[PDB]
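Enquirer: Mind folding the following:
(chains A and B, ligands or ions: 1)
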Amino acid sequence: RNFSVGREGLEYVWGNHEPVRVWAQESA
Amino acid sequence: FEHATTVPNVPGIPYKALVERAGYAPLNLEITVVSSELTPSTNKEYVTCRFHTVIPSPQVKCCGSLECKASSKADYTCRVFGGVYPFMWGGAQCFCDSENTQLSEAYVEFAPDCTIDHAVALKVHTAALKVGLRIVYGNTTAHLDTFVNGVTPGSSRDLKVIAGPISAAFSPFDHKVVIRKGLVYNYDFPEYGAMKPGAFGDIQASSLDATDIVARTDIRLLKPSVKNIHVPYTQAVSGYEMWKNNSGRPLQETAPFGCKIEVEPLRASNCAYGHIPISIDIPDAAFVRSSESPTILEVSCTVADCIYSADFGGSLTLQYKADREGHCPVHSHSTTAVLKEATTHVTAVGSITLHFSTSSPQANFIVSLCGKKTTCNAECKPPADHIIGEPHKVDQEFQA
Ligand SMILES: *[C@@H]1O[C@H](CO)[C@@H](O)[C@H](O)[C@H]1NC(C)=O
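Expert: Residues are numbered from 1 along each chain as shown, chains lettered A, B, ... in the order given. What follows is the structure:
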């Protein structure tokens, strides 16, 4: 699945695991 | 002395600032948002669950005459029919086989499993924020919890802090809140007394043990035709299980700004939005004069390679000429640059290395070490990494 993330971040929950927060950089 | 800053309200990251008294040596402060609980005000108007349609036993007069009696049960339905001639095992429970007038009774009452599986509906008001703050000044640290209003103070044995108000007020809750088994739904509920058949809140009561249970889920009785005695009764299906089937996703999965909604009490924990204005009354005993802490003579900025990433991807080297060994703190006084370290040991003649992070592609930030400043000029390459598992500590300015 292709998930677009923003600069503020995005939190994804895969199953019953701990939610993991990711953040996008400025690698243009 | 009173110092007021504008800390961004993001938990988990430190904010570094350096106080500058007129006649005293500068001191470092580091504020971290260890917790922040947004707790609205809730009141219980009713509870709901799957109802159990309890059927009272029908009773017959042989060929007399009956009447409907008004009751106070939840959706009390009463209907009087004509001749039935019931059969149980001997086939004659009534003489005078013409006009065997029969009574049918039906009402709903809570299931015994509603003590766990039940949904409570809530309406919330304007929510107040309470924030937990960890502060350190120099060598002495302190932990404190305070309310966000701009009025209520916080004290840990030396300190007076005023926090708030929030510049941009935000509430993830709607006007209508439903709690079921710890899951929070922003689903609109019908009001008290205005039940809807086949929808949510078809049975309402102030508590699980309340006797004032009010409901109306459309029980209509039917005339019985079988010789064997049995009352027929047809209904709309329970709207509680339909609302369970057509639930959607809870606000642990769809609340904006990324915060875990907690229940008992209903609250929002560690939810980053806006900036917090905090004013700190630092006690005067923590300060030390500039004649005790050693000051440097000259300092120059020799900058290493830099990357404008979300991690500390920049290195820098400062050479200094001082008079005595000491513990000068470091601070980058720009809004586009922060430092990994807040203080360092400073010799008489020598040089030290330091790490920094930035977001602008260019480096035009100002560096201070016991008061005096020295600019730094560098160009930062775009980062090779695309997604890092550490948030941006800094924000990019407009056209910078
Ligand atoms: C995801 O993006 C890549 C790169 O554009 C593309 O090759 C791939 O087909 C996309 N997959 C989906 C699920 O759309």
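
Enquirer: Going along the chain, name the strands of chain A.
Expert: Assigned by DSSP state E, chain A shows strands spanning A:10-12, A:20-24.

Enquirer: With adjacent residues omitted, what lies nearest to the residue of the stretch 51-200 of chain B found nearest chain A?
Expert: Here the stretch 51-200 of chain B gets closest to chain A at one residue, residue B:170, 13.1 Å apart by C-beta to the nearest C-beta. Yep, even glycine has a C-beta here, placed from its N, CA and C like the rest. In space, not counting the residues next to it along the chain, residue B:170 is nearest to residue B:273; the distance is 4.8 Å by C-beta to C-beta, 6 or more residues apart in numbering or on different chains.

Enquirer: one step back: is it possible to export the strands of chain A to a markdown table including distance to residue B:358 and mean neighbour count?
Expert: Supplementary listing: the strands of chain A in a markdown table, determined by distance: least, C-beta to C-beta, whole Å; neighbours: other C-beta atoms under 10 Å in any protein chain shown:
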| stretch | distance to residue B:358 | mean neighbour count |
| --- | --- | --- |
| strand A:10-12 | 23 | 13 |
| strand A:20-24 | 16 | 15 |
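
Enquirer: Show me which residues of chain B are close to chain A?
Expert: Taking C-beta under 8 Å from any C-beta of the partner chain as the test, the list of chain B residues beside chain A reads B:253, B:258, B:260, B:308-310, B:359, B:382-392, B:396.

Enquirer: Out of those residues, which end up buried?
Expert: When neighbours are counted using 16 or more other C-beta atoms under 10 Å in any protein chain shown, these contain these buried positions: B:308, B:309, B:310, B:359, B:383, B:388, B:391, B:392, B:396.

Enquirer: How many neighbouring residues does residue B:362 have?
Expert: Here the number of neighbours of residue B:362 (other C-beta atoms under 10 Å in any protein chain shown) works out to 14.

Enquirer: Over to residue B:53?
Expert: 16.

Enquirer: Which pair of the buried ones among the residues of chain B next to chain A spans the longest distance?
Expert: In terms of C-beta to C-beta, those reach their longest pairwise distance at B:388 and B:396, which sit 16.0 Å apart.

Enquirer: Now for residue B:114: which residues touch it?
Expert: Contacts for residue B:114 (C-beta atoms under 8 Å, 6 or more residues apart in numbering or on different chains) come out as B:47, B:49, B:50, B:208.

Enquirer: try residue B:219
Expert: B:53, B:75, B:77, B:106, B:107, B:108, B:233, B:234, B:235.

Enquirer: PyMOL command for the buried members of those?
Expert: Once 16+ other C-beta under 10 Å is used to decide burial, the buried members of the contacts of residue B:219 can be selected in PyMOL as follows:
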select buried, chain B and resi 53+75+77+106+107+108+233+235
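
Enquirer: Take the contacts of residue B:114 and keep only those in strands.
Expert: Among the contacts of residue B:114, the members falling in strands (DSSP E) are residue B:47.

Enquirer: Restricted to buried residues, select the contacts of residue B:114 in ChimeraX.
Expert: Here is the ChimeraX command that picks out the buried ones among the contacts of residue B:114, judged by 16+ other C-beta under 10 Å:
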select /B:47,49,50
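
Enquirer: What are the buried residues along stretch B:194-212?
Expert: For stretch B:194-212, a neighbour-count test (16+ other C-beta under 10 Å) marks B:195, B:200, B:201, B:202, B:203, B:204, B:205 as buried.

Enquirer: so which of these comes closest to chain A?
Expert: Using C-beta to the nearest C-beta, residue B:200 comes nearest to chain A of those, at 25.9 Å.

Enquirer: now the end-to-end length of stretch B:134-151.
Expert: The first residue of stretch B:134-151 is 19 Å away from its last residue (C-alpha to C-alpha, to the nearest Å).

Enquirer: Could you identify the most distant pair in the contacts of residue B:114?
Expert: With distances taken as C-beta to C-beta, the most widely separated pair in the contacts of residue B:114 is B:50 and B:208, at 12.8 Å.
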